[PDB]
*Asks:* 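Please read through the structure below; I'll follow up with questions.
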Amino acid sequence: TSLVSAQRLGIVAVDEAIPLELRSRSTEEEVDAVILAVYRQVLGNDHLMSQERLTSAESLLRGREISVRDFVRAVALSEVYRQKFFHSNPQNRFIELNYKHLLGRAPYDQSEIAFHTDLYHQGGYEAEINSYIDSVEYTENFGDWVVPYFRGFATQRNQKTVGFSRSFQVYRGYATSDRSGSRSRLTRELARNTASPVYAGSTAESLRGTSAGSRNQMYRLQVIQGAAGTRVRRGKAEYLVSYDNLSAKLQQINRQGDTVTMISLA
Amino acid sequence: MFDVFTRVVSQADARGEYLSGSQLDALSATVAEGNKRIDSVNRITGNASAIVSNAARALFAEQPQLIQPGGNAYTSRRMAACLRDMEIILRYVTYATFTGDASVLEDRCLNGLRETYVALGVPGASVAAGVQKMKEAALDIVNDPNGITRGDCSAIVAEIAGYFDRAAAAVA
Amino acid sequence: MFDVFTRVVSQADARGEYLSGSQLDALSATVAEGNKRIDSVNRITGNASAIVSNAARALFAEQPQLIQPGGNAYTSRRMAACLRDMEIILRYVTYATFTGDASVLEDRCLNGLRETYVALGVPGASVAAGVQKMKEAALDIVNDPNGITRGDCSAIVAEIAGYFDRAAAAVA
Amino acid sequence: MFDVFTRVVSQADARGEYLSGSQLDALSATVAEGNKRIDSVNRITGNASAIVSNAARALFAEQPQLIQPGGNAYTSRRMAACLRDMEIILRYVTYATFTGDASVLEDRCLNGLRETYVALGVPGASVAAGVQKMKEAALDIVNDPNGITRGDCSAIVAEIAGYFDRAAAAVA
Amino acid sequence: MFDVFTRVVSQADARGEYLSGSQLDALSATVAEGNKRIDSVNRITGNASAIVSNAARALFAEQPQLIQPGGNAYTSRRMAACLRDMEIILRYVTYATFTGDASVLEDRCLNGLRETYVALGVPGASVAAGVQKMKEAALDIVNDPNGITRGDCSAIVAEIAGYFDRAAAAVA
Amino acid sequence: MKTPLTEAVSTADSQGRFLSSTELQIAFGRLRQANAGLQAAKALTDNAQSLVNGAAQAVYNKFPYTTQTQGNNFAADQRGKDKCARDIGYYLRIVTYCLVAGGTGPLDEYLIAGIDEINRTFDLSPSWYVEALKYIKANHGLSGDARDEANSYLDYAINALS
Amino acid sequence: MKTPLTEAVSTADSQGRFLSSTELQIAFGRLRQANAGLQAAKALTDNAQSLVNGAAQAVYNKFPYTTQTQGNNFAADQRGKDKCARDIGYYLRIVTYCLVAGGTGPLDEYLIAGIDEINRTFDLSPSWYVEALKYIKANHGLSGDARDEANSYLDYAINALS
Amino acid sequence: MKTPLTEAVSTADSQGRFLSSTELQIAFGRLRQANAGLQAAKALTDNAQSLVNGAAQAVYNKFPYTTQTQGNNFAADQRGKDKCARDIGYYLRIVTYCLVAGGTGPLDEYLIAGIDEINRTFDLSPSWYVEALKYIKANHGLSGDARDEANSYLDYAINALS
Ligand SMILES: *[C@@H](C)[C@H]1/C(=C/c2[nH]c(/C=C3N=C(/C=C4\NC(=O)C(CC)=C4C)C(C)=C\3CCC(=O)O)c(CCC(=O)O)c2C)NC(=O)[C@@H]1C
Ligand SMILES: *[C@@H](C)[C@H]1/C(=C/c2[nH]c(/C=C3N=C(/C=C4\NC(=O)C(CC)=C4C)C(C)=C\3CCC(=O)O)c(CCC(=O)O)c2C)NC(=O)[C@@H]1C
Ligand SMILES: *[C@@H](C)[C@H]1/C(=C/c2[nH]c(/C=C3N=C(/C=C4\NC(=O)C(CC)=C4C)C(C)=C\3CCC(=O)O)c(CCC(=O)O)c2C)NC(=O)[C@@H]1C
Ligand SMILES: *[C@@H](C)[C@H]1/C(=C/c2[nH]c(/C=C3N=C(/C=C4\NC(=O)C(CC)=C4C)C(C)=C\3CCC(=O)O)c(CCC(=O)O)c2C)NC(=O)[C@@H]1C
Ligand SMILES: *[C@H](C)[C@H]1/C(=C/c2[nH]c(/C=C3N=C(/C=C4\NC(=O)C(CC)=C4C)C(C)=C\3CCC(=O)O)c(CCC(=O)O)c2C)NC(=O)[C@@H]1C
Ligand SMILES: *[C@H](C)[C@H]1/C(=C/c2[nH]c(/C=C3N=C(/C=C4\NC(=O)C(CC)=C4C)C(C)=C\3CCC(=O)O)c(CCC(=O)O)c2C)NC(=O)[C@@H]1C
Ligand SMILES: *[C@H](C)[C@H]1/C(=C/c2[nH]c(/C=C3N=C(/C=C4\NC(=O)C(CC)=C4C)C(C)=C\3CCC(=O)O)c(CCC(=O)O)c2C)NC(=O)[C@@H]1C
Ligand SMILES: *[C@H](C)[C@H]1/C(=C/c2[nH]c(/C=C3N=C(/C=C4\NC(=O)C(CC)=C4C)C(C)=C\3CCC(=O)O)c(CCC(=O)O)c2C)NC(=O)[C@@H]1C
Ligand SMILES: *[C@H](C)[C@H]1/C(=C/c2[nH]c(/C=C3N=C(/C=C4\NC(=O)C(CC)=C4C)C(C)=C\3CCC(=O)O)c(CCC(=O)O)c2C)NC(=O)[C@@H]1C
Ligand SMILES: *[C@H](C)[C@H]1/C(=C/c2[nH]c(/C=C3N=C(/C=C4\NC(=O)C(CC)=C4C)C(C)=C\3CCC(=O)O)c(CCC(=O)O)c2C)NC(=O)[C@@H]1C
Ligand SMILES: *[C@H](C)[C@H]1/C(=C/c2[nH]c(/C=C3N=C(/C=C4\NC(=O)C(CC)=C4C)C(C)=C\3CCC(=O)O)c(CCC(=O)O)c2C)NC(=O)[C@@H]1C
Ligand SMILES: *[C@H](C)[C@H]1/C(=C/c2[nH]c(/C=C3N=C(/C=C4\NC(=O)C(CC)=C4C)C(C)=C\3CCC(=O)O)c(CCC(=O)O)c2C)NC(=O)[C@@H]1C
Ligand SMILES: *[C@H](C)[C@H]1/C(=C/c2[nH]c(/C=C3N=C(/C=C4\NC(=O)C(CC)=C4C)C(C)=C\3CCC(=O)O)c(CCC(=O)O)c2C)NC(=O)[C@@H]1C
Ligand SMILES: *[C@H](C)[C@H]1/C(=C/c2[nH]c(/C=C3N=C(/C=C4\NC(=O)C(CC)=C4C)C(C)=C\3CCC(=O)O)c(CCC(=O)O)c2C)NC(=O)[C@@H]1C
């Protein structure tokens with residue numbers, strides 16, 4: 001997005017990224033750059049050890065035996081990808097990782113989860129991975145020669161608006177990676193077809209003044225609450241409390257039986 | 001909240017403009033409808049309990065899954081909450097009618113209601129159905145020609161229908 | 001994921017220590033149970049389809065609300081998903097039995113499953129009931145003395161029961 | 001791709017020898033021409049839209065069959081593509097001028113272009129003619145003596161003319 | 001890919017026949033060789049780096065043109081690529097030894113390698129020579145009688161030699 | 001085909017790794033099993049006709065409508081009885097391949113993949129084949145390791161069909 | 001963590017399959033090996049100090065410059081000698097893990113992944129560690145399957161360094 | 001082959017753009033540098049025999065065991081000294097290319113890419129070449145921009161080796 005919003009949201013570097021295409025008669029440097037970009041994208045920006053590199057697939061790409069899309073698929077099917085993102089993750093976390101890594105977006109609806117859980121149950125891991133790379137969405141955005149890149153922060157034809165808000169759950173900043181498994185932050189909002197506020201970059205910040213206690217820190221607690229006391233006006237609530245009152249607030253929420261969905265510094 | 005008059009005022013102040021003759025004339029016409037507005041509010045209010053309970057009974061009859069064990073309206077506590085929500089919505093609809101502006105209904109009642117209902121598992125589409133039943137009963141009551149000076153309330157009745165429709169659309 | 005061996009290794013490496021003679025003996029004792037472990041895995045696997053379908057039939061007979069129209073297992077897609085979940089849980093329990101460590105079951109199957117079911121409205125208590133039915137049929141299959149070298153499998157059977165119990169706890 | 005420098009380096013390395021004194025002197029002469037090369041790239045670039053649109057207009061006037069219904073540049077998508085190709089070729093010509101080596105033009109623009117046009121049914125001979133018209137206007141623009149430090153640019157103009165001739169030949 | 005067992009299965013299936021007693025006995029004879037097969041894979045694997053590095057030094061000593069400037073193994077990338085290719089071929093020979101069938105080596109490594117090297121300018125004959133040197137050292141390593149239960153590994157050594165010869169013949 | 005040795009190499013190849021001790025242990029595991037598998041294959045092969053005939057009759061006994069109803073999918077005529085025996089023979093023969101190969105590879109490759117579509121298209125009940133497979137489990141006469149491996153493949157097919 | 005049991009499940013999980021005879025055979029291969037692995041681990045563990053000391057000395061002898069030359073990367077002082085003996089001890093300890101685990105997993109994860117970057121950054125020669133590993137091979141005193149497996153891990157580390 | 005002129009076009013081409021003032025300014029940057037680079041390349045080239053022999057002896061002095069120890073990787077014989085002298089000459093010659101090209105392109109393409117595997121496979125210490133490159137840095141006699149650009153490439157090679 002434009003500087004005014006991208007700066008607040010921590011996505012300036014994403015906005016200025018340029019799709020990388022492997023051209024005919026590319027140099028050795030250009031192939032090297034492409035291999036690096038694929039590893040960064042498909043492996044979610046993990047530090048890649050030399051022992052983990054796909055020696056053979058790299059050779060074939062460099063020899064123009066296989067396309068960039070073939071090389072993306074080789075990496076996605078590799079044991080490295082499996083160990084990083086599949087063997088230690090629940091399925092729905094695995095699926096959103098595939099959407100981030102391979103399509104550069106967040107899942108749009110629960111039925112995408114259902115489709116891919118069914119496909120894994122039917123044809124296993126390879127069939128699941130191939131669905132992303134062979135999809136119309138992959139072919140029309142990246143084709144055979146362009147390295148995948150994150151798309152979720154830009155208006156895409158045939159996207160859902162909530163794809164933009166959800167992007168911030170799966171993209172956590174430039175200096176981040178999908179390395180620790182874990183659970184999906186998207187589970188509830190996918191299942192119930194809703195959206196969640198975007199607290200990223202500097203949008204989590206809230207004013208302190210003289211009301212933020214001894215450490216001048218506020219914490220934002222997002223809860224789901226019901227009336228099991230004073231009247232509850234909203235099923236979803238946020239509380240801003242200082243560090244000194246944070247234990248009391250948790251205990252209050254806990255005593256009321258309400259669910260904490262997220263807590264972060266404000 | 002805004003009423004029919006302050007709504008026009010707020011727009012004019014932002015433009016730095018006196019209200020125009022046409023706008024003043026439009027408000028004059030609103031004033032001429034006042035007695036019929038008042039009567040409609042009084043008629044819905046006077047029948048509020050019947051409207052809510054009949055709509056609720058009709059709703060549960062058509063959607064028995066709501067009150068079967070495990071249903072969202074099952075147990076006294078959830079049945080009570082459900083009846084309260086029906087009353088709440090009807091009440092704010094009457095507020096909007098009284099003020100002649102939807103802002104009270106939108107700000108105080110509908111804003112966030114879909115979000116509340118999804119978060120807590122309340123079947124919004126069933127709330128919408130009940131609202132529609134309350135709409136039909138209230139409009140019948142408003143339109144009843146007995147015991148009232150005869151006249152044409154179609155404009156106020158249309159405005160009231162718009163408020164119920166907003167309420168139904170907001171919960172689903 | 002860890003197996004019974006690498007579980008001990010990982011703990012030892014974090015402490016910078018060689019495995020103690022006690023730890024090696026305990027692992028040697030694990031090896032001595034290896035054939036029973038394999039037999040239990042083979043037996044459960046050979047009866048997977050019967051185990052899942054029988055438990056599913058019993059579950060729906062015991063809990064008819066699941067398959068009534070509007071129920072969570074009504075419609076072919078949801079019924080198919082339900083049968084799939086039963087099979088998935090059984091499959092990872094066999095994995096954990098095979099490896100002698102729960103990490104595969106916990107990481108791949110149970111982690112976040114409760115939240116998934118709550119989010120979707122899948123009745124986790126019913127899933128737990130289904131798991132319990134699968135467990136009982138599984139352990140009987142494992143313990144059947146017919147057609148196998150006779151011996152005491154009580155330890156393996158207890159370990160397997162622990163995996164089913166962990167699954168049942170997790171979903172509800 | 002290569003530039004005028006790395007072209008010499010690459011040949012030197014294959015022979016395992018340092019650049020001769022005359023090769024270094026020759027590159028020094030290339031450096032002495034750097035400002036004129038930069039000016040020519042800037043001048044063509046500044047007039048790119050005019051160069052393309054004028055040559056295209058001249059081409060269609062000279063070759064009306066191209067734009068008649070059924071002609072290859074008929075329909076907006078085909079005309080659009082034709083204009084794009086003219087600009088692509090001009091752009092890569094400037095790249096070659098900037099670097100001082102044809103490798104960029106050959107590798108990234110002209111490689112496969114004849115086969116592309118043959119497969120599409122694009123008349124390659126008409127493309128070559130359009131490239132000739134772009135060449136003509138470009139060299140006049142580069143040689144325009146006004147508003148620029150005076151000097152002899154004939155060498156750079158010859159080098160540019162070669163790149164255009166290379167492009168025209170690759171299609172025709 | 002095939003292993004020694006599934007190679008026979010696939011042929012039998014193509015004819016719609018059970019394996020004959022002669023075929024099963026042949027397979028049983030292979031089983032008897034299994035320990036020797038495993039030892040040979042282990043020995044080659046344990047010395048893979050030395051086999052490659054010594055074979056490469058010996059090849060560049062006999063064929064110094066490969067490592068002079070402009071030679072095909074000159075520059076670090078080409079030298080590293082050359083050493084990689086040697087290790088890849090050796091790796092696939094151990095796969096074939098391990099499976100007891102040449103398909104993995106042929107399907108994945110050799111099929112198309114000649115054509116690939118021709119297009120790259122890689123001297124296929126020099127590659128074959130290097131494969132020969134690796135073969136000779138590898139067979140000596142397998143045959144080392146020290147530190148192993150003595151026996152006749154002539155059959156397994158002949159098979160391994162055949163795999164090296166396939167590799168050598170496939171490049172030149 | 002999926003067998004202990006090819007899967008070992010396939011995994012190693014994808015990692016670009018030489019075979020290590022893990023793969024050697026897989027090979028040893030195959031060797032422990034091979035002779036019993038080869039013995040099971042010979043025993044099933046020798047009694048193939050008896051098993052196939054017996055299994056086919058077991059199906060007819062349990063599903064008598066198959067020999068009484070006219071239709072392309074049933075065995076009321078000699079044509080269907082021959083189809084049926086052939087099919088049961090296929091299951092039996094491919095099971096012996098699995099014992100030779102040491103895995104479900106042959107079943108997956110030649111029979112199981114696509115069987116759902118075949119049975120649906122030609123209106124063949126998978127319950128028929130389950131019964132035939134159960135008969136074979138009950139009559140092949142194997143014991144010990146040979147019995148355990150054979151039954152695992154018979155059950156693998158049975159589970160695939162249900 | 002490459003290990004026979006984890007590999008078997010990893011593969012089956014990737015395929016979304018129950019464990020089959022292929023994986024059961026893998027488990028048998030492990031069982032055939034495990035006791036020898038544990039015995040080797042015990043023997044290396046009990047002799048840990050002598051093996052590490054001997055190995056470090058064998059390196060110091062083969063590369064005397066490492067004891068004579070100043071620098072953070074050499075063993076001229078006690079600090080460097082400590083670091084060196086510590087490193088060789090890491091190699092030995094993790095090798096015992098491989099014997100317990102039944103695969104190179106522990107070497108892959110704990111030691112080998114990234115070792116190239118460490119040796120280059122801190123200017124440590126792989127040949128030093130190769131000598132240390134050669135000594136351990138020549139002096140662990142193991143025999144039989146314990147020897148074969150332990151050497152496979154010692155050679156795996158050696159090959160990874162060269 | 002990274003150089004200012006190719007990088008400018010590569011960037012613009014990736015964006016489908018004509019060259020703009022940005023790329024023009026890169027060219028001016030190249031021009032400002034090119035004459036000093038060409039001067040450095042001549043100076044290095046004319047003294048190459050001395051710099052290479054001097055650098056090699058500096059390696060031999062700093063690492064005397066390289067001239068005393070038998071082994072294919074060491075220079076105790078004439079064969080190794082010729083290999084060592086050749087290798088240092090490669091570094092110097094390719095460095096002069098970087099001065100001609102105005103970037104590290106030549107070092108990246110011809111030398112750096114794959115050097116880790118070579119040194120590891122043939123057991124060559126990168127410290128030897130670091131010392132050789134350090135000798136050249138102190139003995140090429142350049143000043144001004146020729147010194148600064150030339151040292152950047154020698155430093156670039158050193159950082160790649162460390
Ligand atoms: C549509 C709403 C129906 C309708 C209404 C209607 N009402 C009037 C006029 C009046 N109604 C009142 C109301 C009240 N007087 C009171 O004391 C109270 C208690 C607080 C109330 C609610 C009044 C004061 C009037 C004005 C005097 C009169 O009696 O007429 C009209 C006539 C038009 C007007 O604006 O005066 C109308 C049309 N009539 C219908 O037929 C609809 C079913
Ligand atoms: C043939 C190409 C025509 C021609 C060219 C020409 N140019 C110069 C000299 C210069 N031109 C520039 C250019 C720029 N300065 C900037 O700041 C930018 C904007 C990004 C540009 C494009 C510069 C810096 C010089 C040097 C200073 C000067 O003005 O002299 C010359 C003179 C010789 C030289 O090589 O410098 C020439 C000949 N001259 C003609 O008559 C042709 C029509
Ligand atoms: C030709 C290859 C050489 C040769 C081999 C040979 N080996 C055996 C027997 C065995 N070898 C092993 C191997 C291993 N055991 C392990 O635990 C591991 C580490 C993972 C390995 C590699 C085993 C288990 C045996 C059987 C028991 C034994 O200790 O002997 C033989 C004997 C014949 C047989 O089939 O067993 C032979 C011949 N012998 C030579 O002389 C050749 C140089
Ligand atoms: C509790 C699980 C039941 C039980 C088990 C049990 N099994 C054994 C021994 C063995 N079981 C096997 C298994 C297989 N061999 C094969 O070839 C296959 C197919 C791949 C399988 C699954 C083996 C190899 C053995 C060892 C040889 C033997 O037949 O004895 C025992 C005996 C103890 C042991 O550890 O060996 C036992 C107790 N026994 C019961 O009574 C329970 C109902
Ligand atoms: C115009 C009346 C107001 C305005 C608009 C504005 N919007 C954006 C950015 C986005 N708008 C959307 C919305 C959608 N994308 C979709 O795909 C869909 C349909 C499914 C919708 C509804 C999104 C996702 C974005 C962000 C991503 C993108 O920009 O492509 C901007 C740009 C903000 C920036 O900083 O770039 C603007 C300006 N702005 C006003 O001031 C008006 C009130
Ligand atoms: C070293 C002084 C300290 C230390 C570091 C450490 N970091 C990680 C892991 C990661 N570091 C990063 C950071 C970046 N990645 C980027 O791309 C960028 C630039 C935009 C940065 C700054 C990331 C993303 C990771 C995670 C991904 C990955 O690990 O591959 C580790 C590894 C932790 C682990 O293995 O789990 C370590 C050790 N650790 C210390 O103890 C020092 C204080
Ligand atoms: C029986 C003693 C007399 C009687 C009963 C009667 N009840 C209703 C309607 C309702 N009954 C309930 C009660 C409950 N719902 C709950 O969830 C629980 C807590 C677990 C209780 C106790 C409710 C909520 C209703 C209204 C909604 C519904 O119909 O379910 C009726 C019908 C009333 C109507 O208007 O439909 C009747 C007839 N009536 C008698 O005459 C009996 C003596
Ligand atoms: C009845 C037709 C349906 C139904 C209702 C139902 N609602 C709730 C809970 C809440 N309803 C609200 C709504 C409001 N509260 C307010 O203060 C206002 C603003 C003026 C509104 C609009 C809220 C906030 C809640 C949550 C807090 C509370 O319960 O008071 C429930 C209970 C949910 C639960 O299980 O806790 C129910 C049952 N349920 C149905 O099945 C009908 C379709
Ligand atoms: C009738 C033609 C024959 C027959 C029927 C029969 N069906 C079942 C069990 C089930 N039937 C279904 C079907 C559906 N569930 C759905 O949600 C929908 C889509 C909306 C369909 C079509 C299912 C899912 C079941 C299993 C679960 C359940 O019992 O609800 C049975 C019993 C099977 C069992 O094992 O219990 C029977 C008997 N049987 C005949 O013989 C008839 C010719
Ligand atoms: C059956 C006894 C009960 C039941 C099940 C049920 N589950 C879902 C949906 C999901 N179940 C899972 C779980 C997994 N998927 C995996 O891949 C794995 C790991 C390998 C697990 C544990 C998931 C992820 C989903 C959501 C995605 C999907 O739909 O596939 C449903 C469907 C819910 C819906 O809204 O469609 C059902 C029906 N339901 C019952 O009523 C039984 C008690
Ligand atoms: C008429 C309303 C005004 C007008 C027209 C005008 N057009 C051109 C030139 C072109 N017109 C087109 C348009 C099309 N070509 C197609 O193939 C199709 C789709 C089927 C369309 C709509 C094109 C492509 C050109 C350029 C090439 C050509 O000349 O054929 C001109 C001349 C422009 C020039 O520079 O020669 C004119 C004059 N001009 C007016 O002033 C009218 C008000
Ligand atoms: C215009 C002077 C003439 C003309 C052109 C014309 N070209 C096309 C289509 C294509 N042109 C290219 C060429 C390139 N694409 C590249 O990326 C580059 C290298 C960077 C080049 C040189 C390609 C690939 C196509 C096909 C794909 C595409 O159009 O994007 C057309 C359209 C053909 C059609 O049938 O649509 C046309 C019309 N046609 C004339 O008549 C002029 C002589
Ligand atoms: C070394 C003894 C000889 C030698 C080798 C050499 N090979 C290449 C380039 C390639 N080699 C391959 C082969 C494979 N890649 C794989 O992944 C596999 C397994 C499927 C094989 C068999 C390929 C594909 C290439 C091209 C791509 C790449 O460079 O990686 C080179 C490089 C040539 C060049 O860079 O131009 C070399 C030097 N060369 C000799 O002179 C020796 C005889
Ligand atoms: C000198 C500082 C020390 C030394 C050198 C030495 N090097 C080798 C062998 C090789 N050197 C290289 C290096 C390159 N080859 C290239 O193409 C380039 C890029 C242009 C470089 C930098 C290579 C690839 C080899 C191996 C192949 C070959 O034999 O040429 C040796 C011999 C190693 C062997 O095992 O034969 C030696 C001796 N040795 C010392 O002791 C010096 C301190």
Side-chain angles (χ1 to χ4, degrees), chain E residues 1-21 23-42 44-49 51-52 84 87-88 90-101 103-105 107-109, chain F residues 1-21 23-49 52 86 89-90 92-103 105-107 109-111:
Chain E
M1 89 186 66
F2 298 115
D3 63 31
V4 67
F5 303 91
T6 55
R7 170 64 65 173
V8 186
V9 161
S10 63
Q11 299 173 345
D13 187 48
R15 310 187 172 199
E17 302 178 344
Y18 298 79
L19 270 68
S20 55
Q23 291 172 301
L24 296 173
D25 293 18
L27 285 177
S28 178
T30 298
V31 172
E33 314 291 359
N35 291 326
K36 301 178 189 175
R37 182 176 301 282
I38 291 169
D39 260 311
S40 61
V41 167
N42 186 45
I44 299 175
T45 298
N47 298 281
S49 292
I51 294 166
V52 171
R84 176 204 65 206
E87 186 180 6
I88 285 163
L90 181 67
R91 185 160 57 81
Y92 276 97
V93 170
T94 63
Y95 295 171
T97 304
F98 178 90
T99 61
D101 194 83
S103 59
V104 67
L105 166 70
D107 298 352
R108 303 206 176 189
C109 196
Chain F
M1 277 165 262
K2 169 182 190 75
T3 73
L5 302 187
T6 59
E7 291 283 21
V9 170
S10 290
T11 301
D13 194 24
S14 48
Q15 309 175 252
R17 285 183 51 146
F18 279 83
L19 304 167
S20 70
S21 69
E23 285 80 13
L24 306 189
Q25 297 177 59
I26 298 170
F28 285 123
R30 180 74 190 102
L31 299 178
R32 194 206 76 83
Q33 198 81 34
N35 280 317
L38 296 179
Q39 171 252 289
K42 175 185 164 57
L44 291 174
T45 301
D46 292 338
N47 329 132
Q49 290 181 356
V52 173
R86 182 203 65 173
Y90 286 169
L92 184 60
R93 178 169 54 81
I94 291 157
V95 161
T96 66
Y97 296 162
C98 298
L99 289 163
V100 172
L107 269 170
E109 185 88 38
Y110 303 143
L111 187 149

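Only heavy atoms go into these numbers, but all of them, side chains included; no hydrogens, no water, no symmetry mates. Lettering follows sequence order; numbering is per chain, from 1.
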*Asks:* Test: salt bridge (charged side-chain N to carboxylate O under 4.0 Å, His left out). Region: residues 31-42 of chain F. Which pairs qualify, not counting sequence neighbours?
*Replies:* F:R32-F:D145, F:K42-F:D46

*Asks:* Could you tell me which non-hydrogen atom of E:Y18 sits nearest to which non-hydrogen atom of F:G89, and how far apart they are?
*Replies:*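 In terms of heavy atoms, the two residues are closest at OH-O, 3.9 Å.
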
*Asks:* Can you tell which part of F:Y90 gets under 4.5 Å to a heavy atom of chain E, answering side chain, backbone, both or neither?
*Replies:* neither

*Asks:* Which heavy atom in F:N35 sits nearest to a heavy atom in E:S28, and how many Å separate them?
*Replies:* OD1-OG, 3.4 Å

*Asks:* Give me the atom names and distance for the closest heavy-atom approach of F:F18 to E:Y95.
*Replies:*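 Closest heavy-atom pair between F:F18 and E:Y95: N-OH, 4.3 Å.
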
*Asks:* Please find the pair of heavy atoms, one from E:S10 and one from F:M1, that lie closest to each other, and give the distance.
*Replies:*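 Looks like CB-CE, 4.1 Å.
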
*Asks:* Might you work through the salt bridge (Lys or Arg N to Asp or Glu O under 4.0 Å) test for E:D3 and F:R30, ending with a clear yes or no?
*Replies:* CA-CA 12 Å; E:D3 63 31; F:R30 180 74 190 102; 5.9 Å; no

*Asks:* Starting at CD of F:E23, measure out to OG1 of E:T94 and round the result to the nearest 0.5 Å.
*Replies:*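 So the gap between those two atoms works out to 10.0 Å.
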
*Asks:* Look up atom CG in F:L31 and atom CZ in E:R37, then write down how far apart they are to the nearest 0.5 Å.
*Replies:*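 Reported to 0.5 Å precision, the distance equals 9.5 Å.
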
*Asks:* Using non-hydrogen atoms and a 4.5 Å limit, figure out which bit of F:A12 sits close to chain E: side chain, backbone, both or neither.
*Replies:* both

*Asks:* At a 4.5 Å cut-off on heavy atoms, which part of F:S10 comes close to chain E: side chain, backbone, both, or neither?
*Replies:*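 It is both, since atoms from each part get that close.
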
*Asks:* Testing the basics here: between F:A27 and E:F98, what is the closest heavy-atom pair and its distance to 0.1 Å?
*Replies:* CB-CE1, 3.6 Å

*Asks:* Distance check, rounded to the nearest 0.5 Å: E:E17 atom CD versus F:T96 atom OG1?
*Replies:*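 The distance works out to 11.5 Å.
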
*Asks:* Out of E:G34, E:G16, E:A12, which one racks up the most heavy-atom pairs below 4.5 Å with chain F?
*Replies:* E:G16

*Asks:* Only pairs of heavy atoms separated by less than 4.5 Å count here; which of E:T45, E:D101, E:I38, E:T99 has the most with chain F?
*Replies:*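 Counting heavy-atom pairs under 4.5 Å, the top option is E:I38.
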
*Asks:* Evaluate whether atom CD of E:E87 has more than 12 neighbouring non-hydrogen atoms of other residues, nucleotides or ligands under 6.0 angstrom away.
*Replies:* no

*Asks:* How many angstroms lie between atom CG of E:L19 and atom CG of F:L99, to the nearest 0.5 angstrom?
*Replies:*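 These two atoms lie 11.0 Å from each other.
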
*Asks:* So which residue, E:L90, E:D25, E:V4, E:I88, ends up with the most heavy-atom pairs under 4.5 Å with chain F?
*Replies:*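 Max contact count across the listed options: E:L90.
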
*Asks:* Could you measure the distance from the CG atom of F:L19 to the CZ atom of E:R91? Nearest 0.5 Å is fine.
*Replies:* 9.5 Å

*Asks:* For E:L24 and F:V100, work out which heavy atoms get closest and say how close.
*Replies:* CD2-CG2, 3.8 Å

*Asks:* Quick one: list whatever passes ring pair (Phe, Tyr, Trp, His ring centres under 6.0 Å) with E:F5, sequence neighbours left out.
*Replies:*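 E:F5 satisfies ring pair (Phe, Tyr, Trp, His ring centres under 6.0 Å) with no residue once adjacent residues are dropped.
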
*Asks:* If only atom types and distance count, is the side chain of F:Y110 paired as donor or acceptor with the main-chain N or O of E:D13 below 3.5 Å?
*Replies:*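 A pair under 3.5 Å: no.
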
